[PDB]
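Novice: Structure in structure tokens, see below.
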Amino acid sequence: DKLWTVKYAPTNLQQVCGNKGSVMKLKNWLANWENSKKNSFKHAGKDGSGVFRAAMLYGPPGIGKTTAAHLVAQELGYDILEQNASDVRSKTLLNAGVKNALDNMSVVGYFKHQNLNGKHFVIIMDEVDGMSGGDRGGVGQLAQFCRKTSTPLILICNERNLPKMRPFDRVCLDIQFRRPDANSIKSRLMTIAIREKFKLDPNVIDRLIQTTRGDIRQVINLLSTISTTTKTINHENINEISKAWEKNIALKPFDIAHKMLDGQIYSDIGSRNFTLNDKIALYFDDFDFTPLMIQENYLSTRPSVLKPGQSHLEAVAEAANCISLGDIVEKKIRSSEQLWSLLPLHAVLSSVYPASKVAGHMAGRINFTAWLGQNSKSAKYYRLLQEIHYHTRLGXXXXXXXXXXXXXXXXXXXXXXXXXXXXXXXXXXXXXXXXXXXXXX
Amino acid sequence: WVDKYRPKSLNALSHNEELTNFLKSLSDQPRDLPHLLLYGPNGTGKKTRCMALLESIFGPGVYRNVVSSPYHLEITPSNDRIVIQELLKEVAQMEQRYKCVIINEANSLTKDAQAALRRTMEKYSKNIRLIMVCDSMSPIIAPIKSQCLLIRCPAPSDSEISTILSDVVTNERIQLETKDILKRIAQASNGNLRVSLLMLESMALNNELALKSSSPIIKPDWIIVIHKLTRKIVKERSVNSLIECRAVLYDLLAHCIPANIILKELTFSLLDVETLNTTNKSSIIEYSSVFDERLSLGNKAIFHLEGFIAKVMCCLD
Amino acid sequence: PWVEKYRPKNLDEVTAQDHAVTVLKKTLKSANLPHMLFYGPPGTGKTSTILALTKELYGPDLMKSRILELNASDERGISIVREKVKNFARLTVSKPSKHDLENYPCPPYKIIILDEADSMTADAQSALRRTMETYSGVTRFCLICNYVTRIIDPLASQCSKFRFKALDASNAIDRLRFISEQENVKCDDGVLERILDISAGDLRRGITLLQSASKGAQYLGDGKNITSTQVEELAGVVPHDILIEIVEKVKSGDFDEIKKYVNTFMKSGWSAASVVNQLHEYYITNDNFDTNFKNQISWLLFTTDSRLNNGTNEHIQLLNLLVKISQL
Amino acid sequence: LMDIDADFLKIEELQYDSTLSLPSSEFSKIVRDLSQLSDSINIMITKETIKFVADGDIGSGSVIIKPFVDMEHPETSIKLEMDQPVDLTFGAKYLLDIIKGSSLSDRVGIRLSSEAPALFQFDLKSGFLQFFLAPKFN
Amino acid sequence: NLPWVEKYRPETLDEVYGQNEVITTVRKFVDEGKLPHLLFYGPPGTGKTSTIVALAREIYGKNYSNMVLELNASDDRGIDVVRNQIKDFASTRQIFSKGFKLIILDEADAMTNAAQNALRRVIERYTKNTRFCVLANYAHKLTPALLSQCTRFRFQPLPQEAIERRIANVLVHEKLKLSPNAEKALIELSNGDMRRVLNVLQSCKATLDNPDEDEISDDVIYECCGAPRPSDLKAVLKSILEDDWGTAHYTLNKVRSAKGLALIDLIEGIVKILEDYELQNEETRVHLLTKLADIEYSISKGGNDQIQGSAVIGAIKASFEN
Amino acid sequence: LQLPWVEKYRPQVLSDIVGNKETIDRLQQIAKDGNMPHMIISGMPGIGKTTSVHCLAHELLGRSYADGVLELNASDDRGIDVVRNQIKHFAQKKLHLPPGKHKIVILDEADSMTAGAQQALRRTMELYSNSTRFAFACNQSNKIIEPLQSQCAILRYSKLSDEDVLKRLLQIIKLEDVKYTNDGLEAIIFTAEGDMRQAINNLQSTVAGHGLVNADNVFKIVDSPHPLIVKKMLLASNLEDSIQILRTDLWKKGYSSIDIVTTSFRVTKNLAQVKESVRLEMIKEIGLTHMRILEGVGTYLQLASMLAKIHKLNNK
Ligand SMILES: Nc1ncnc2c1ncn2[C@@H]1O[C@H](COP(=O)(O)OP(=O)(O)OP(O)(O)=S)[C@@H](O)[C@H]1O
Ligand SMILES: Nc1ncnc2c1ncn2[C@@H]1O[C@H](COP(=O)(O)OP(=O)(O)OP(O)(O)=S)[C@@H](O)[C@H]1O
Ligand SMILES: Nc1ncnc2c1ncn2[C@@H]1O[C@H](COP(=O)(O)OP(=O)(O)OP(O)(O)=S)[C@@H](O)[C@H]1O
Ligand SMILES: Nc1ncnc2c1ncn2[C@@H]1O[C@H](COP(=O)(O)OP(=O)(O)OP(O)(O)=S)[C@@H](O)[C@H]1O
Ligand SMILES: Nc1ncnc2c1ncn2[C@@H]1O[C@H](COP(=O)(O)OP(=O)(O)O)[C@@H](O)[C@H]1O
Ligand SMILES: [Mg+2]
Ligand SMILES: [Mg+2]
Ligand SMILES: [Mg+2]
Ligand SMILES: [Mg+2]
């Protein structure tokens, strides 16, 4: 009846697939909070989680952040007072609302009372990187609370390295959540399936995760599509329903790359059963991923379409070039909300053409696009190198920094005696080091 | 390190006297300094020949998201024209005696942006003086060229770069076995003082401050990887190989390394390969000449670098 | 700066481009003055022609009273064009003074001049359209730019086109000699013209050399003229000899040698892509190269040039160009 | 109507350390006055005496009222059944919100206890509107 | 005192030249009570705005302003204006006469996709009571969902016929004479844009006029709208084809600088003058059109006037080795 | 009154949609059960998305559609405020429905919804998914912030095959007694490229002005270069011949330079006569020129170079 992500939502931190390291880091902080307070938050314990009034969770969509924060709170007996983007968190309302609970106790904490925190709040300011123009000065006031609160404060966001999030930098314990581990999600998904009365090839359960880029919430929803679609599952159906489901609802981006890369469609015969018009049309079946898909695996095929006496390499270079050209086209299509009339050309230059040059037998296997997550790595690191520059600009363009900050690595990693010497003799602090350490790594 | 021995004054300028004097003879009217446009390779000493000229004119204490100082501010376009026309004009309120503004990477400015800065120059030129640092005065509209000193900044000679080298050791107490170790460095960075120096510190901390004839030149995290890729490209020229080169590129990019930079080094670390005849090479540059444009006209960089390698593996195999 | 200190104060002052001005003069006596689009290379006299036409038509009195100007500096968004611009446009003309009615022709209309209209968001240009069409009865626009391509077809249609041709070395010397005289500048022979060639068309730059250079010839105080080679060194042009190295290094020479040499040029040499421009003028003029050579070299400079106008890597592009011309 | 998943609480009649009562219009004025001085209002019931204090940055605010009973107008009388002293501090914002019940009953009952939420009550001819306010930290 | 461009603006439908197929269908539609949503698309100065304005008058007469709602790129038309003002007018009956309302969205292609999308949803919900007319230079800049909502009427470039006719009208109510092949030149250079014709024609009624009865020649026109002339252009070709480089490089360099011409113009004219020759090999044609087309393209982005010129000489020359 | 046929013959039940069979059935099943997940239906213009969702809405709620469905499209206010109130209030609304049914919120043209608003929607559909389910309809799912994306199923829609377009085309023909020709229908199909709305609209405009739906009539309302001519220009054995077709039949007749290219591409695509490899190299050319036309240089010259390059390939 209820969505699956709901009915199968963790009930104990003992069910959060992944980030277990960060969950611990979280739970701890929420434990030593009373003491951290007792000590005026000036004793950064062996964890550092001691000089921070509030914690800042962050990471990709559907990986357990909101589940952890809530759960870690309910586990230490505290009562929860949460807000999110659906609420108005402007500086005005913020100061006329929650500001008042920063040093207050739960009225529910009484009619519930052995609980040691039952009468205390854990403020969960969720979806903070979602505070728009409907929250004037919200981040500022919120970042000010991280310094003057008298109760645990937990903030969640997806992009910690954003400009809007700058005011939060030095003010709180930011624990990172990365994309859960496949085995974790694979194991979890299995458990689900079993309880849902069905089985699935570990190769299917595997590529899903790969498509979902780790979004455990998405896979769960995506996995509830089978039983919800068909009326009655049977002994045999299980093995075949995967097809219609996988090649349609689930891994559709794959059945596209498959068809597109099948040489049988480019041979004189099939060449007219599945016309040029159809090949181009396959593109409009997911014009979002199709270009990414072809580029991803146009070089992992055993071509059957090569002209007589044409090497696999040569034909690839031709598609390589076309892939390149199609890009030029895309950029322009995305430079003017009014250029969609160029998509057909892009269909040809980014998929159909490159494909026809190497279509045939599938040597390896259709892989999801590497470009997306690969675009996260590069981006998430430019932000780092950036803040590092806006700290060394005192001592070359941000570019000349990553192409000259090589020597620095030595006199900052070399042996790790002369510790303090170089470190401080650089005008760097704690975060100035922890940050420069990440990228350099 | 390198930041240490940097000329914090014009009297310290030890490079290109023709200009070092040009700057002195130019600072003879601290109340009348025409706009300035310095162009040239990187690490030639221009950006420093700037903040050193501002203490010569303004107060030496002229050292302190923008880099502001009690005498000047630095603008780095890292839209953008909005900032130019807005910030600047606001700084034009510096009268109620002008103020200097340095435009780093005047190449990173869009045609639609420059046009704004131009008019802005001709406007409050009384309260504002511009110092534009850049390389290759190609993407700079003429309206600007004829409103600022067209000053070039040729890099130091191999023999002149070494001179500034043996000096650093004399202070850091380094042991130079001979001049060789130095002169090799100058030819290694080909003129990039930012390198030759940041280099002489690298192969100096690895040789225990005792420079010996065995000089393991500086080899940054990336530059090396490019060469290992330059190799794989000449050895194994197959589709399966290309797939590998991919992951390498994908990682050079994910580690904040400019794609147009990868192309550059790679395009030349291939031409230095003796195992290639006039043909292969003259076809390699052309392919880079072409794929260079491709990069500046699109967004997904790999798509362009990969296609470059493919055309190469064919030019060879 | 003589550049602005010598800005034509009257429509007559602007010589260079007259094919358009002569027409402006005669239309000056009519309220039928069409909207206009001035366009041409840099510093050809466009912005001058406007202010002049205006002074010549309104006189300093109604000057700032019934004329609005917005340039690359001023903010010109969809919001501004539909507001400030549309407002002053729709607004009723101002009442002339008794004196104005006596010295200047006070047309029953105001003027909106959008200089550097070249860099206006197409959106804003569009918002300009109906505005500068329904208010022709009292308002008239002037759009200036360097490329017609940058101005939306609709507007190019509404405006009467005025193509400001470059400044021919013949049209320039006249206005140049008049500058050297009024400034007692000890100019040599191969100077007056060398200035125009180096700054072909852009008179502003042609004058900026005649000023930033003569002030340097006085420094020497030698009273000695200010020859050719004297100039260019300031303009940014590359030496003639350092060029001959190129030509010869290409007339014969393997790959590596050029790549080797080119590296040298980049290393420090005048980071001027203009090397291309000069390699052009050379080969096309030289009488020792066959037509078949002229032809192919022509196409190559064009290719590399086009490649260079895309923010490409200076070095790469230039290397290839030399390596290709050599194969020829 | 709305679909509300109410976290039903178990309110139980407790024995508060002190139990006063006074005109709602008065409690209102007092609360409104003091709230201009601090974000917190301290209510002290010591030696059969009602004392409200507000300590801010601009200054402090102190109000004290002694029990009595005017037979002329029973509704303007201040009661007070103390059994043990009480010193609690409440958020000014919540008192400013509770005083809004000052249109239902001309009198307001207040029951305080060191270990429980304060209880402000307004009497209705056939019921009541009561507020349970949790205190601040000590 | 309106500049001719505006002065001779069709006051009624019968005054619009060269768009008859549109005028007739539209008028029939109104008389038959089956007027669909309209999309008038075409290049500049073809009669689009003139036409709906006139069509609107003719339909409502004076109740115009109170029965018609017009907005254009000069107006604010973001999503807010659409759900509000526009939507309001579309869902509210008329105050005066009974019938359907009319909303005119001029230069609709200037609207954003967001707004266009909202616009479309409004047009969908109130199609049974209100009529919309969208105008644009490019249908392709219009959301398919919007376009798919109306009947299209392409306003094509004014044909010789039409333009020759209007020229006749202006010559009467204006003491003006135009030589035979001078009217022809004006035509060939206006590319069917009635707007450019009326413009140059007054750039002469204030140029040559001395005896108030002069004769406008081919020259007066070619020079007015700074455009080449067969003789000049057709000469520059010869110098390029026959004479040496140095010589041709001169001919071109002079003809354009002495007449204020630009490669762009010359190229075009040449391509056509050259399109009639009977070349030897077909490749001559190909490579020729190719390079010339490449040149023209690089110019639109500003390369190097000098080189690009030598490029034209080279291309034309090189290709003529057959 | 002038009831548009795109509206008059709009599928009123999941059955009537000639959509993407596979996916539609998926919906048919959700219609019978009731565990409708939040979903984002994306795809090209006019293939039956908005129809689809509304049809799913009914078969699920029957007489409840009235109070259990809240539609909000581009013509409505959908900012932070409405999302934080109207929408939220709706999900919090009490409505007694059968075991597996939930209230539906339909946000059409969802790619127009500002991020800030989408951002403020997140929590609402997460907290009240037990009584309220969301359906997003758009052309670009790319414009939907990921947090919302991970909360729902993504259903891609494909353009309609010519067969499918043809069927619903005939179904309307019978109910309207329209006089048609086979070539006439092929003209509509050919010019709708998988867009049912576009097809129908044209069909009606075609009958509304010529009664009989024949190729000649169809291409009259379309008013674009007639396919036949464009074809005879791309196949001309001599470059001189085709340039004449471009000069006499296309340019001289006043067709847009954009009009020419687009049709050229469309025709090259269906040129079965030629070979895949060939049609594609041509397309690559027509497109290159096309993009040139879009960058301003839409000159006759350009079109000529296009045909020239074509011949170079169709000769090699
Ligand atoms: N790490 C995890 N382990 C187990 N189940 C998970 C995990 N992450 C997500 N889920 C499922 O996904 C649903 C939502 O996860 P949340 O923790 O609320 O996501 P989130 O990381 O806050 O995502 P946002 O709001 O888009 S940032 C839960 O109700 C779970 O069923
Ligand atoms: N035709 C001319 N006659 C006389 N002086 C001229 C002429 N053209 C330019 N000048 C000089 O060049 C300077 C610039 O002229 P402007 O009118 O500002 O040029 P422009 O054509 O508007 O240039 P842009 O903005 O770069 S396009 C003036 O101050 C003049 O002294
Ligand atoms: N078909 C025509 N018949 C007569 N005069 C015309 C015609 N087309 C244009 N004109 C003249 O050109 C001027 C502009 O025509 P408009 O109808 O405003 O053109 P348009 O098609 O709306 O142009 P845009 O906005 O640039 S697309 C008018 O004032 C007329 O004098
Ligand atoms: N698959 C289909 N079967 C039958 N009729 C259809 C189909 N697709 C579209 N139609 C007709 O086209 C009209 C509009 O289709 P819609 O469902 O609104 O398309 P759409 O995909 O939502 O388009 P947008 O909003 O522009 S993306 C309907 O009212 C139908 O009459
Ligand atoms: N004249 C000089 N004498 C000594 N060191 C110099 C000189 N010029 C440059 N350097 C070195 O180069 C570094 C920075 O180069 P920079 O001035 O920014 O040049 P560019 O702008 O070409 O990159 C300095 O910190 C310094 O170590
Ligand atoms: Mg969450
Ligand atoms: Mg100007
Ligand atoms: Mg119009
Ligand atoms: Mg829809």
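For the structure tokens, the naming scheme is as follows: chains receive sequential letters (A, B, ...) according to their order of presentation, residues are indexed from 1 within each chain, and ligands are indexed from 1 in presentation order.
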As a PDB file with N, CA and C atoms, in the first residue's frame, please: every protein or nucleic acid residue near ligand 5 (cut-off 7 Å, counting only C-alpha atoms and all ligand atoms).

Specialist:
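To be explicit, this is the file written out as part05.pdb:
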```
ATOM      1  N   UNK A 396      49.732  33.472  -8.916  1.00  0.00           N
ATOM      2  CA  UNK A 396      49.427  32.446  -9.955  1.00  0.00           C
ATOM      3  C   UNK A 396      47.945  32.091  -9.952  1.00  0.00           C
TER       4      UNK A 396
ATOM      5  N   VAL B   2      59.240  29.810  -3.172  1.00  0.00           N
ATOM      6  CA  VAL B   2      59.422  30.775  -4.264  1.00  0.00           C
ATOM      7  C   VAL B   2      58.892  32.162  -3.933  1.00  0.00           C
ATOM      8  N   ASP B   3      57.822  32.208  -3.148  1.00  0.00           N
ATOM      9  CA  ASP B   3      57.211  33.470  -2.756  1.00  0.00           C
ATOM     10  C   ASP B   3      58.226  34.316  -1.985  1.00  0.00           C
ATOM     11  N   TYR B   5      61.872  34.740  -2.114  1.00  0.00           N
ATOM     12  CA  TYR B   5      62.810  35.579  -2.849  1.00  0.00           C
ATOM     13  C   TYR B   5      62.206  36.352  -4.017  1.00  0.00           C
ATOM     14  N   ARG B   6      60.972  36.824  -3.863  1.00  0.00           N
ATOM     15  CA  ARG B   6      60.341  37.578  -4.937  1.00  0.00           C
ATOM     16  C   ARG B   6      60.580  39.075  -4.750  1.00  0.00           C
ATOM     17  N   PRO B   7      61.097  39.749  -5.792  1.00  0.00           N
ATOM     18  CA  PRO B   7      61.379  41.188  -5.762  1.00  0.00           C
ATOM     19  C   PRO B   7      60.192  42.016  -5.285  1.00  0.00           C
ATOM     20  N   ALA B  12      64.713  45.860  -6.833  1.00  0.00           N
ATOM     21  CA  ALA B  12      65.057  44.454  -6.677  1.00  0.00           C
ATOM     22  C   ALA B  12      64.942  43.728  -8.016  1.00  0.00           C
ATOM     23  N   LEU B  13      64.228  44.339  -8.956  1.00  0.00           N
ATOM     24  CA  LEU B  13      64.046  43.754 -10.280  1.00  0.00           C
ATOM     25  C   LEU B  13      65.392  43.337 -10.867  1.00  0.00           C
ATOM     26  N   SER B  14      65.550  42.038 -11.093  1.00  0.00           N
ATOM     27  CA  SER B  14      66.787  41.497 -11.639  1.00  0.00           C
ATOM     28  C   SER B  14      66.581  40.908 -13.031  1.00  0.00           C
ATOM     29  N   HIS B  15      65.435  41.200 -13.637  1.00  0.00           N
ATOM     30  CA  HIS B  15      65.120  40.672 -14.961  1.00  0.00           C
ATOM     31  C   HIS B  15      64.703  41.746 -15.968  1.00  0.00           C
ATOM     32  N   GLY B  40      52.792  38.314 -22.138  1.00  0.00           N
ATOM     33  CA  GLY B  40      53.951  37.459 -22.304  1.00  0.00           C
ATOM     34  C   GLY B  40      53.747  36.096 -21.681  1.00  0.00           C
ATOM     35  N   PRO B  41      54.700  35.170 -21.860  1.00  0.00           N
ATOM     36  CA  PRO B  41      54.607  33.818 -21.302  1.00  0.00           C
ATOM     37  C   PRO B  41      54.340  33.862 -19.806  1.00  0.00           C
ATOM     38  N   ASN B  42      54.217  32.691 -19.193  1.00  0.00           N
ATOM     39  CA  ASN B  42      53.984  32.623 -17.757  1.00  0.00           C
ATOM     40  C   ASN B  42      55.308  32.563 -17.012  1.00  0.00           C
ATOM     41  N   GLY B  43      55.301  33.010 -15.759  1.00  0.00           N
ATOM     42  CA  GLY B  43      56.511  32.998 -14.959  1.00  0.00           C
ATOM     43  C   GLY B  43      57.635  33.862 -15.506  1.00  0.00           C
ATOM     44  N   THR B  44      57.287  34.932 -16.215  1.00  0.00           N
ATOM     45  CA  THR B  44      58.289  35.834 -16.774  1.00  0.00           C
ATOM     46  C   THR B  44      58.593  36.943 -15.772  1.00  0.00           C
ATOM     47  N   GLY B  45      57.717  37.095 -14.785  1.00  0.00           N
ATOM     48  CA  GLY B  45      57.923  38.113 -13.775  1.00  0.00           C
ATOM     49  C   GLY B  45      57.140  39.392 -13.984  1.00  0.00           C
ATOM     50  N   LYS B  46      56.004  39.293 -14.666  1.00  0.00           N
ATOM     51  CA  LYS B  46      55.169  40.461 -14.912  1.00  0.00           C
ATOM     52  C   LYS B  46      54.239  40.748 -13.734  1.00  0.00           C
ATOM     53  N   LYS B  47      53.477  39.747 -13.298  1.00  0.00           N
ATOM     54  CA  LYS B  47      52.565  39.933 -12.170  1.00  0.00           C
ATOM     55  C   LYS B  47      53.312  40.532 -10.984  1.00  0.00           C
ATOM     56  N   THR B  48      54.582  40.163 -10.836  1.00  0.00           N
ATOM     57  CA  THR B  48      55.401  40.676  -9.743  1.00  0.00           C
ATOM     58  C   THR B  48      55.946  42.043 -10.128  1.00  0.00           C
ATOM     59  N   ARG B  49      56.228  42.225 -11.415  1.00  0.00           N
ATOM     60  CA  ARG B  49      56.736  43.498 -11.902  1.00  0.00           C
ATOM     61  C   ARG B  49      55.610  44.528 -11.804  1.00  0.00           C
ATOM     62  N   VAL B 133      47.288  42.340 -16.788  1.00  0.00           N
ATOM     63  CA  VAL B 133      48.272  41.283 -16.967  1.00  0.00           C
ATOM     64  C   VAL B 133      47.648  40.199 -17.828  1.00  0.00           C
ATOM     65  N   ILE B 164      69.645  34.084 -11.233  1.00  0.00           N
ATOM     66  CA  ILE B 164      68.696  34.252 -10.139  1.00  0.00           C
ATOM     67  C   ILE B 164      68.560  32.960  -9.337  1.00  0.00           C
ATOM     68  N   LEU B 193      60.207  31.221 -14.799  1.00  0.00           N
ATOM     69  CA  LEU B 193      60.842  31.456 -13.506  1.00  0.00           C
ATOM     70  C   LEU B 193      59.999  30.854 -12.391  1.00  0.00           C
ATOM     71  N   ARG B 194      58.685  30.822 -12.594  1.00  0.00           N
ATOM     72  CA  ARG B 194      57.796  30.249 -11.595  1.00  0.00           C
ATOM     73  C   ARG B 194      58.110  28.761 -11.483  1.00  0.00           C
ATOM     74  N   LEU B 197      62.408  28.119 -10.590  1.00  0.00           N
ATOM     75  CA  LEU B 197      62.625  28.372  -9.169  1.00  0.00           C
ATOM     76  C   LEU B 197      61.902  27.323  -8.342  1.00  0.00           C
TER      77      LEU B 197
END
```

Novice: Write down as an NGL selection string the residues of region 85-172 of chain F whose backbone DSSP state falls under alpha helix (DSSP H).

Specialist: :F and (88-92 or 115-119 or 122-127 or 146-149 or 162-172)

Novice: Just want the 8 Å neighbourhood of residue 276 (chain A), counted on only C-alpha atoms, with same-chain residues fewer than 4 positions away dropped. Output as a PyMOL selection string.

Specialist: (chain A and resi 271-272+280) or (chain F and resi 269-270+276)

Novice: Generate the output file for the selected residues, N, CA and C atoms, as a PDB file, in the first residue's frame.

Specialist:
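And here's selection.pdb as it stands now:
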```pdb
ATOM      1  N   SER A 271      18.660  -2.845 -42.533  1.00  0.00           N
ATOM      2  CA  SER A 271      18.782  -1.430 -42.851  1.00  0.00           C
ATOM      3  C   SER A 271      17.460  -0.826 -43.335  1.00  0.00           C
ATOM      4  N   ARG A 272      16.514  -1.672 -43.729  1.00  0.00           N
ATOM      5  CA  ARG A 272      15.226  -1.173 -44.196  1.00  0.00           C
ATOM      6  C   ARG A 272      14.057  -1.661 -43.347  1.00  0.00           C
ATOM      7  N   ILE A 280      17.360   7.155 -35.722  1.00  0.00           N
ATOM      8  CA  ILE A 280      17.328   8.515 -35.177  1.00  0.00           C
ATOM      9  C   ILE A 280      16.288   8.623 -34.062  1.00  0.00           C
TER      10      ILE A 280
ATOM     11  N   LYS F 269      16.718  11.928 -44.927  1.00  0.00           N
ATOM     12  CA  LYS F 269      16.495  10.867 -43.964  1.00  0.00           C
ATOM     13  C   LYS F 269      15.671   9.711 -44.531  1.00  0.00           C
ATOM     14  N   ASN F 270      14.624  10.034 -45.286  1.00  0.00           N
ATOM     15  CA  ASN F 270      13.745   9.018 -45.854  1.00  0.00           C
ATOM     16  C   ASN F 270      14.129   8.596 -47.257  1.00  0.00           C
ATOM     17  N   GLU F 276      22.450   4.033 -46.295  1.00  0.00           N
ATOM     18  CA  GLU F 276      22.603   4.525 -44.927  1.00  0.00           C
ATOM     19  C   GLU F 276      23.848   5.382 -44.784  1.00  0.00           C
TER      20      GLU F 276
END
```

Novice: I need the chain B residues near chain C as a PyMOL selection string; criterion: at most 8 Å, counting only C-alpha atoms.

Specialist: chain B and resi 39-41+85+112+115-117+119-120+135-139+142-143+145-147+150-156+190-191+260+264+271+278+281-282+285-286+288-290+292-293+296-297

Novice: Kindly give the distance, in Å, that separates CA of residue 98 (chain F) and CA of residue 152 (chain F), rounded to a single decimal.

Specialist: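 Taking CA of residue 98 (chain F) as the start and CA of residue 152 (chain F) as the end point, the length is 22.2 Å.
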
Novice: Show me, as a list in words, the residues of chain C whose atoms get within 12 Å of chain F, using only C-alpha atoms for the distance check.

Specialist: residues 147, 148, 149, 150, 151, 152 and 153 of chain C

Novice: Which protein, DNA or RNA residues have an atom within 7 Å of ligand 4, counting only C-alpha atoms and all ligand atoms, as a ChimeraX atom specification?

Specialist: /E:144-145 /F:5-7,9-11,16-19,43-52,109,138-139,160,168,195-197

Novice: Got a sec to pull out which chain F residues are within 8 Å of chain E, counting only C-alpha atoms, and send them as number ranges by chain?

Specialist: F: 1-3, 45-46, 73-77, 109, 112, 197-198, 201-202, 205, 221-223, 239, 254-255, 292, 296-297, 301-302, 304-305, 308-309, 312

Novice: Include C-alpha atoms and write out the residues we just selected as a CSV table (one decimal), in the first residue's frame.

Specialist:
```
chain,number,residue,atom,x,y,z
F,1,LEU,CA,-17.5,27.7,-31.2
F,2,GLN,CA,-14.7,25.9,-33.1
F,3,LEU,CA,-13.9,22.7,-31.1
F,45,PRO,CA,6.0,17.2,-27.7
F,46,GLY,CA,2.6,15.7,-28.4
F,73,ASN,CA,0.4,23.7,-14.9
F,74,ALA,CA,2.5,26.5,-16.4
F,75,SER,CA,-0.6,28.8,-16.5
F,76,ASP,CA,-0.9,28.6,-12.7
F,77,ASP,CA,1.2,30.1,-9.9
F,109,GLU,CA,5.1,21.5,-17.7
F,112,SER,CA,9.2,25.4,-15.8
F,197,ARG,CA,-1.1,16.8,-31.9
F,198,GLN,CA,0.8,18.4,-34.8
F,201,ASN,CA,-4.0,20.1,-36.0
F,202,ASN,CA,-2.7,20.1,-39.6
F,205,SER,CA,-6.5,23.0,-41.0
F,221,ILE,CA,-1.3,24.9,-45.3
F,222,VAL,CA,2.2,23.6,-44.2
F,223,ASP,CA,3.6,26.1,-46.8
F,239,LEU,CA,25.6,19.8,-59.4
F,254,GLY,CA,10.8,32.9,-51.3
F,255,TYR,CA,11.3,29.9,-48.9
F,292,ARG,CA,25.6,27.9,-40.0
F,296,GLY,CA,23.4,34.2,-38.8
F,297,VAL,CA,25.0,33.3,-42.1
F,301,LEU,CA,25.9,30.9,-50.9
F,302,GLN,CA,25.7,28.5,-47.9
F,304,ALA,CA,24.9,26.2,-52.6
F,305,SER,CA,28.0,24.9,-50.7
F,308,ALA,CA,28.1,21.1,-53.6
F,309,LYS,CA,29.4,19.1,-50.7
F,312,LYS,CA,31.2,15.6,-53.7
```

Novice: Kindly compile the residues surrounding ligand 3 within 6 Å, counting only C-alpha atoms and all ligand atoms, and format them as a list in words.

Specialist: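 Those residues are residues 154 of chain C; 5, 6, 8, 9, 10, 16, 17, 18, 19, 43, 44, 45, 46, 47, 48, 49, 50, 137, 194 and 195 of chain E.
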
Novice: Taking the backbone alone, and naming residues the way the document does, which bits of chain D are strand (DSSP E or B) by DSSP, as number ranges by chain?

Specialist: D: 2, 18-23, 40-45, 50-55, 60-65, 68, 78-82, 86-91, 107-112, 118-124, 127-133, 136
